[PDB]
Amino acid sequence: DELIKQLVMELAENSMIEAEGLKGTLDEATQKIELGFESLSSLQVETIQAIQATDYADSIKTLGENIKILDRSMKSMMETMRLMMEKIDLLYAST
């Protein structure tokens, strides 16, 4: 009666202490989950933005353009060297 009254009031004290404990921890876990996904998402966007920045499709276009220019300069040199070879042959023949 007085012992059963102690038991029940003990249950209600210990239950609500435990219920609080578990509540407080869940809130901490919820803060943890919110911040953790906020950071993973931020770094995932930085990854995409860093890959975006590393674009060098334009570097390659420009390099290919200077190679074609050197190619055209080389073809003129070869033409010039054919004409020079002929003037050498002429001079030697004409000595």
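A residue's number is simply how far along the shown sequence it sits, counting from 1.
Here 31 to 39 and 64 to 72 are compared by their mean Cα B-factor, and 31 to 39 comes out higher.
Stretches 13 to 21 and 74 to 82 differ in mean CA B factor, with 13 to 21 having the higher one. Remark: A57 belongs to the highest third of its chain, ranked by C-alpha B-factor as recorded. Ranked by Cα temperature factor within the chain, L90 sits in the lowest third according to the deposited record.
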